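Before any questions on how it binds or moves, here is one chain, the form deposited in one PDB entry, in structure tokens.
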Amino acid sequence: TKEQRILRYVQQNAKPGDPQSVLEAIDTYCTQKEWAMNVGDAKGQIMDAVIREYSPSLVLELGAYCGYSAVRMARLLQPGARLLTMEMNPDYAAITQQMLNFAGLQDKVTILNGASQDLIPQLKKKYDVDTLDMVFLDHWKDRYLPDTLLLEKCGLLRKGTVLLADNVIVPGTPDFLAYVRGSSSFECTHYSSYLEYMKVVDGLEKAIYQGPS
């Protein structure tokens, strides 16, 4: 699979226990061999600056995929801080675990195998969670708003909890964006950037007719 190819490329090219090199290896392979839905380096630098500002002790990530953003966030956590990341595809969750293992970040991250709507109500009881400091939304785009309402209902948000959402323009999360921007329960800020790895290769073919034979 495309996702196995990515993991193998990192294992052959990155330096073990170096999270920065793992990120660069993923970025190169997806810019010049196979496009994949990682957050990418340009939005990733915005992610970095937001995490550095708030220094969250407990982060929830929705949709781990190959682990690109788990590595990006875990490397910036302080000693003792934790990240929990939810991934419903068993293939993808195993890849994310090997990615973090290779990065040396495995001790800070806990992968949760299942669907957000099933797991979010089990967070406090099964994972000793009180409230989240930060939530990163990057799963199916029509589930951002439903899961936000679910996190509120389950008491996982506190005043000051930072939600951070990818792809609010492309492919777009229009119901989520209208809700949070119109609600007095959320103060919103927009960080404009560019979709990941989008120098799309195409070409012209010249075909010169030679005659009947």
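Start at 1 with the first residue shown and count on from there. Residues that one form lacks are left out of the comparison. If you superpose the two forms and keep the largest set of C-alpha atoms that fall within 1.5 Å, you have the rigid core.
J.: Given the B-factors recorded for C-alpha atoms, which segment has the greater mean, 1 to 9 or 202 to 210?
T.: For C-alpha atoms only, the mean B-factor is higher in 1 to 9.
J.: Comparing average C-alpha B factors as deposited, tell me which of 133 to 141 and 70 to 78 sits higher.
T.: According to the PDB entry, the answer is 70 to 78.
J.: Among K33, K159, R52, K43, where is the Cα B factor highest in this entry?
T.: Result of the comparison over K33, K159, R52, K43: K33.
J.: Would you check the entry's CA temperature factor for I26 and let me know if it's in the chain's lowest, middle or highest third?
T.: For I26, whose C-alpha B-factor we compare with every modelled residue in the chain, the answer is the highest third.
Although it is not shown, the form deposited in another entry is what the next lines describe.
J.: With a change of at least 3 Å, which way does the C-alpha separation between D166 and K199 go in the other form: closer or farther?
T.: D166 and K199 sit closer together in the other form.
J.: Given that the shift is 3 Å or more, do the Cα atoms of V201 and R8 end up closer or farther apart in the other form than in this form?
T.: Pair moves farther apart in the other form.
J.: Provide the ranges, sorted by sequence, of consecutive runs with at least 3 residues in which each Cα shifts 2 Å or more between the shown form and the other one, based on a superposition on the core.
T.: Shifted segment: 199 to 212, the only one.
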